[PDB]
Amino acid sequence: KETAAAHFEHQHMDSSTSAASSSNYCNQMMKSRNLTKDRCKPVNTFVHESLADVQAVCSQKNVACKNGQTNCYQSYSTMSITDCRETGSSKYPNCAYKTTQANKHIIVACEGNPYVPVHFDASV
């Protein structure tokens, strides 16, 4: 409760579903994964692919992370992701999000043994 890798799948993995359907998505999932219990998390990406496909990004294109660290990797291919961006109104506790489905490259930080994602840097 809980490893960095577990924390990553907690915040960023949702393989239950293939894409985004209704704009209640982030609204509902941000609440579910305990992302709106203290403050409306401003931005959070969910990845709709197998855990294996996301984990494999750790052996693909090496790139610098946003903080300047160099343990980040961009997926070679597009992935099904849902970008969750808190709306301009939106007040805690009633957190509201603009749900946005897309097919972007993802960029994740990787570390440890096994060599897996531990943070979601960006989609591109």
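Residue numbers run from 1 along the displayed sequence.
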*Which is higher in the entry, the mean Cα B factor of 99-107 or that of 19-27?*
19-27
*Per the PDB record, is the mean Cα temperature factor higher over 45-53 or over 88-96?*
88-96
*Which of these, 58, 35, 65, 81, has its C-alpha atom at the highest B-factor, as the entry lists it?*
35
_Which third, lowest, middle or highest, does the C-alpha temperature factor of residue 4 belong to within its own chain?_
highest
